[PDB]
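Residue numbers start at 1 and run along the sequence shown.
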Amino acid sequence: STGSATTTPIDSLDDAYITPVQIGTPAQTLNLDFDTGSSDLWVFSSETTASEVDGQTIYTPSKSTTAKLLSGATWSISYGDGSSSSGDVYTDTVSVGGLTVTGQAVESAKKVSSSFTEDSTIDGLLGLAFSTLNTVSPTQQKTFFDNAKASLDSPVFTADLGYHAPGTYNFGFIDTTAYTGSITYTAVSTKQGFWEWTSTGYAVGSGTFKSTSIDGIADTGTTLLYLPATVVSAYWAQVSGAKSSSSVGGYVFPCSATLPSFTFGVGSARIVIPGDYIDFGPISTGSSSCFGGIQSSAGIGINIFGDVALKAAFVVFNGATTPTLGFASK
């Protein structure tokens with residue numbers, strides 16, 4: 001089998017991407033944030049504290065003839081941005097772009113933190129990291145991809161995120177029309193539960209390529225590109241007036257600037273992020289200070305190839321017995 005679904009930016013900045021997902025019988029369609037940096041499929045629901053729902057579409061298990069309470073199971077997750085959610089668990093039928101999994105753990109939120117409430121466009125998350133990170137207790141549950149894998153034509157999914165435009169998540173096949181050149185594959189460590197790999201270096205604008213190993217994660221659920229402070233300083237030093245602002249929380253730059261590109265290495269191959277992809281707009285409405293799309297990972301503990309980087313590439317998440325990642329230009 002295969003599946004194919006369009007993923008759409010939630011706003012004019014590509015702050016995140018939502019993909020429609022069918023849950024239950026009859027189908028309830030919710031718009032979920034596909035997150036290769038986590039491993040829980042959780043949704044706003046009829047059980048979510050009413051004051052914490054503000055415009056999201058909710059899953060109502062009582063209206064699904066295929067929903068079953070997973071007795072005794074609870075979940076609770078905290079994300080790198082400080083947000084969190086928790087609740088109980090049902091199993092139900094879940095379909096993405098025509099690909100159906102029966103018995104998928106659907107984690108129903110009883111509580112969500114303020115940032116989820118305040119974002120009316122995201123109805124939940126669909127985790128696509130390794131199932132070892134799933135938070136369901138006392139019986140850990142498998143991701144949608146893990147449950148579907150055996151049925152897929154090939155044990156892969158691909159992320160093709162757009163810049164200020166829709167893109168595509170495919171399951172089970174690699175669309176050879178969706179990229180240019182060849183796909184370069186690179187090793188993955190699953191030891192932290194992530195799609196963790198090692199970039200071979202970087203360049204800023206038309207500058208020379210610096211060969212240096214940068215370990216990080218391919219994370220569709222993180223907006224920006226988070227890299228070591230040395231790399232980030234080298235980038236922003238090429239933008240007149242750019243500076244790191246502790247009050248704003250990262251590098252800002254004059255909105256009048258033209259940003260240089262940023263290249264990252266995948267083995268001997270190179271992915272070029274155009275400068276425009278690094279512009280996240282005014283820090284506050286009407287400001288002439290703009291927020292940068294490349295930020296330091298120094299306070300995180302891991303480098304993160306978020307949407308800023310991934311949207312410049314066609315990315316293969318290869319879930320073969322030994323997982324690997326593939327990147328192609330497009």
Side-chain angles (χ1 to χ4, degrees), residues 1-10 14 16-22 29 31-37 41 94-101 104 125-130 143-148 150-188 194-195 197 199 217-223 225 263-274 276-277 305-330:
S1 59
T2 65
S4 182
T6 298
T7 193
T8 299
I10 62 168
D14 298 347
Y17 298 78
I18 47 171
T19 308
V21 177
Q22 281 71 49
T29 298
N31 297 326
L32 304 189
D33 185 348
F34 282 24
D35 182 11
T36 63
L41 192 176
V94 172
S95 299
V96 174
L99 169 65
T100 299
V101 167
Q104 174 64 46
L125 265 64
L126 190 148
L128 293 166
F130 293 87
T143 70
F144 175 83
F145 178 55
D146 219 330
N147 282 322
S151 298
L152 294 178
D153 292 355
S154 184
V156 304
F157 69 91
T158 66
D160 180 11
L161 302 178
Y163 167 68
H164 295 176
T168 304
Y169 281 101
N170 290 330
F171 291 83
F173 72 105
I174 290 165
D175 180 357
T176 61
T177 75
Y179 58 87
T180 65
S182 49
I183 306 177
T184 295
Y185 289 87
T186 196
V188 164
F194 301 123
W195 292 94
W197 65 290
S199 172
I217 65 168
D219 184 1
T220 58
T222 289
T223 311
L225 171 54
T263 300
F264 64 92
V266 184
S268 53
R270 306 289 180 252
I271 299 295
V272 180
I273 305 171
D276 287 351
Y277 291 27
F305 294 86
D307 298 334
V308 162
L310 303 182
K311 75 178 69 178
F314 178 88
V315 188
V316 180
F317 295 78
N318 171 25
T321 305
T322 297
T324 65
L325 282 165
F327 295 80
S329 295
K330 64 184 185 192

For a 4.5 angstrom cut-off between non-hydrogen side-chain atoms, does [X] reach [Y]?
X: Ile10; Y: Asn31; answer: no
X: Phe305; Y: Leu225; answer: yes
X: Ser329; Y: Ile271; answer: yes
X: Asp307; Y: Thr220; answer: yes

Residues in salt bridge (charged side-chain N to carboxylate O under 4.0 Å, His left out) with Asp14, at least two apart?
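Salt bridge (charged side-chain N to carboxylate O under 4.0 Å, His left out) check on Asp14 returns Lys311.
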
Show me the donor-acceptor pairs within less than 3.5 Å that the side chains of residues 318-327 make with the rest of the protein, sequence neighbours left out.
unit_1, atom_1, unit_2, atom_2, d
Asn318, OD1, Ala320, N, 3.1
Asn318, ND2, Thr324, OG1, 2.9

Output the distance between atom [atom1] ([X]) and atom [atom2] ([Y]), rounded to the nearest 0.5 Å.
X: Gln22; Y: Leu99; atom1: CD; atom2: CG; value: 11.0 Å
X: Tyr179; Y: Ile174; atom1: OH; atom2: CD1; value: 6.5 Å
X: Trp195; Y: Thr186; atom1: CH2; atom2: OG1; value: 12.5 Å
X: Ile18; Y: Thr7; atom1: CD1; atom2: OG1; value: 7.5 Å

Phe144 and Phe171 aromatic ring geometry - parallel, tilted or perpendicular at 30°/60° bounds:
perpendicular

Check: [Y] main-chain N/O paired with [X] side-chain donor or acceptor under 3.5 Å:
X: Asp35; Y: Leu126; value: no
X: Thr36; Y: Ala218; value: yes
X: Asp219; Y: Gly37; value: yes

At their closest point, which heavy atom of [X] faces which heavy atom of [Y], and how far apart are they?
X: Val308; Y: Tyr277; result: CG2-O, 3.8 Å
X: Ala165; Y: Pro9; result: O-CD, 3.5 Å
X: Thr143; Y: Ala129; result: CG2-O, 3.5 Å
X: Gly265; Y: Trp197; result: O-CZ3, 3.7 Å
X: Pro20; Y: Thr6; result: CD-O, 3.4 Å
X: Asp33; Y: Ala16; result: OD2-CB, 4.0 Å

Which residue pairs satisfy the side-chain hydrogen bond (donor to acceptor under 3.5 Å, both in side chains) criterion with at least one member in residues 156-165, sequence neighbours excluded?
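Every pair satisfying side-chain hydrogen bond (donor to acceptor under 3.5 Å, both in side chains) with a residue in residues 156-165: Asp160-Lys330.
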
Do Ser4 and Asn170 have side-chain atoms, one donor and one acceptor, less than 3.5 Å apart?
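Per modelled atom types, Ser4 and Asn170 side chains form a pair under 3.5 Å.
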
Centroid-centroid distance, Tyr17 to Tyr169, less than 6.0 Å
no

Only residue of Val21, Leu125, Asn147, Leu32 satisfying side chain to side chain contact (heavy atoms under 4.5 Å, CB included) with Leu41 is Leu32

After noting the C-alpha distance and the side-chain angles of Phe317 and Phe145, does the key distance pass the ring pair (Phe, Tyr, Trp, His ring centres under 6.0 Å) rule?
CA-CA 10 Å; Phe317 295 78; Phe145 178 55; 8.7 Å; no

